[PDB]
Amino acid sequence: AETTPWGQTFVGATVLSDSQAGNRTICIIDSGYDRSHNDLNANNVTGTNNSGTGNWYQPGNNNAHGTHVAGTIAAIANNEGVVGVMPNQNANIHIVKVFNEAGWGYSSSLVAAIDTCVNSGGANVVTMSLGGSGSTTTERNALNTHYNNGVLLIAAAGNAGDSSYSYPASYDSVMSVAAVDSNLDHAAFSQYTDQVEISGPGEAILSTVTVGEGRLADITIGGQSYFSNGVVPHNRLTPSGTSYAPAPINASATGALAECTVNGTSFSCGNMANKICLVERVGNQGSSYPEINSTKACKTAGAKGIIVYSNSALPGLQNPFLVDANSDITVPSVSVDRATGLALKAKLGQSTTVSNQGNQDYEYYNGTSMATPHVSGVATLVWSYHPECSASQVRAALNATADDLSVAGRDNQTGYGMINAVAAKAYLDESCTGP
Ligand SMILES: [Ca+2]
Ligand SMILES: [Ca+2]
Ligand code: NA
Ligand code: NA
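In terms of determination method and resolution, the entry is listed under X-ray crystallography at 1.40 Å.

Asker: Help me understand the sheet that holds strand β9 (residues 196-201), please; the structure alone is not making it clear to me.
Answerer: Strand order in the open sheet formed by seven strands is β2-β3-β1-β6-β7-β8-β9, with parallel pairing between adjacent strands. The strands lining the two open edges of the sheet, one partner per strand, are β2 (44-47) and β9. This sheet shows a mean twist of 30 degrees between the axes of neighbouring strands, independent of strand direction. Examined bridge by bridge, strand β6 (residues 125-128) and strand β7 (residues 152-156) share four bridges and lie parallel to one another.

Asker: Is there a simple way to think about the coordination of the sodium ion (ligand 3) in this case?
Answerer: Metal coordination angles have textbook ideals: 109.5 degrees for a tetrahedral set of four donors and 90 or 180 degrees for an octahedral set of six. Only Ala169 (O), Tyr171 (O), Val174 (O) and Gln195 (OE1) from the protein coordinate the sodium ion (ligand 3), and they sit 2.2 to 2.4 Å from it. On the primary sequence, the residues serving as donors to the sodium ion (ligand 3) are separated as A-x1-Y-x2-V-x20-Q. Here the sodium ion (ligand 3) and the sodium ion (ligand 4) are spaced 2.4 Å apart, with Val174 acting as a shared donor. A residue pair is termed long-range when its members are at least 10 positions apart, and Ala169 in the loop between β7 and β8 (174-180) and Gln195 in the loop between β8 and β9 qualify at 26 residues. Residues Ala169 and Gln195 agree in their burial class; the two are buried.

Asker: Sorry if this is basic, but what is going on with the state of the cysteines here?
Answerer: Formally, a disulfide is one covalent bond, and it connects the sulfur atom of one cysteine to the sulfur atom of another. Applying the stated criterion across every chain yields a total of four disulfides. Each sulfur in the disulfide pair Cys277 and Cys298 lies 2.0 Å from the other. The chirality of the disulfide connecting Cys277 with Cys298 is left-handed, given an S-S dihedral of about -80 degrees. Residue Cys277 is located in strand β18 (residues 275-280), and its partner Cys298 is located in helix α5 (residues 291-300); the two are separated by 21 residues in the primary sequence. When the bonded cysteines of the protein chain are counted from the start of the sequence, the pairing works out to 1-2, 3-4, 5-6, 7-8.

Asker: Where do I start with the sheet that holds strand β15 (residues 243-246) in this structure?
Answerer: Note: strands within a sheet are paired through backbone hydrogen bonds, in either parallel or antiparallel orientation. The strand order across the open sheet formed by three strands is β15-β14-β20, and the pairing between neighbours is mixed. Unpaired on one side and paired on the other, β15 and β20 (321-323) mark the two borders of the sheet. Here the strands of the sheet are splayed against their neighbours by 40 degrees on average, with no regard to which way each runs. With three bridges joining them, strand β14 (residues 235-240) and β20 adopt parallel strand pairing. In the sheet register, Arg236 faces β20, and the bridge partner there is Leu322.

Calculation criteria
Residues numbered from 1 in each chain as written, not as in the entry; some residues may be left out. Chains lettered and ligands numbered in written order. Heavy atoms only, no water. Pairing = 2+ DSSP bridges. Helix = DSSP H or I, 4+ residues; strand = E, 2+ residues; numbered from the N terminus. Axes fitted to C-alpha atoms, helices over the stretch in contact; angles between N-to-C directions. Donors = N, O, S within 2.8 Å, 3.2 Å for Na, K, Ca; no water. Buried < 20%, exposed > 50% of the residue type's maximum accessible area, 1.4 Å probe, protein only. Disulfide = S-S within 2.5 Å.

Right, here's the structure in full:
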């Protein structure tokens, strides 16, 4: 079975066709591309090796970022895994690997990586799900030159949760991308600046990862699965020295579905022994990490499995950090959006199986680095319908047709709003400058 992650549907890429994407080339400057992956192997992908990062087609261990980004752009349509913005093996993809597991390992600069994308890869679009705090005139000038020469530059705004400028996103020649969740709410971690230009799906984004390094979750009732609704395995963290480290619980639990009613700030769980405990999330991640509250309420009651669903404040699908100070959550627990949680209410009392599985080939990630490929993927897709238009013209089309989010007009949190592939295409259909 193949799943279409919510982000793919929201940007409106599933309704268009990438049949002409062969006239475009998108270059991914990131941590490499796992070409051995079934959902990425058969893409029209090439790359340019660098002495400091080995093979572009071999990310290495625990260096799956670029593969996740690539999957959002072009995971192959094939009845397995997922699908990217351009899933039909048409778009040309060029890979420049600047990151090793240890960090930046490129023998040269970001400018050099972009040069490679353009000169070696023939890139029309350069997507950069990366950022640094520093800025320079030489870099600003080099990127402006590429942009004026017709290369569309897109990058992540950053996940520091403040107003700091991340570069290259914050240069005028680059589109700074913000992250929003499935309810179109601004992601708490998404940096807000006057450079933020457009938004893309960035919370709980399912995509391809280096084979065997992923993790998935599932909820089954009556022989049917809620996987396609979006089931996130709790990103559990437990104490490790002076900080916290990952401590995922990968197992399955089966039992009658029972809900722990939330009254104010108290929980009415009752006896959850031998039961799958459904509970509404109390609070939300931001200044703190409250996931443990609703989760532990269930555990303390004796729950075998736990399902936390979004509250009205942030009804979208959340993939929060489950900070477990006392390592109390030793059972499988997952997170689902509000709609799914309410639907599960009708199934109370029925046998339910909740499961978290490791060693997978896909995984949910959060980040402006996840929103970025949605934007660059769509930019490439839309541009393929009108390759005669310039990068600046396509950029304008995306901004002019984005769906306004948050406060009316452009804002620092979401820019012009959610990218809209269909509307952007219709815009260029009139002319390279719109109607
Ligand atoms: Ca697939
Ligand atoms: Ca707005
Ligand atoms: Na910018
Ligand atoms: Na920008």
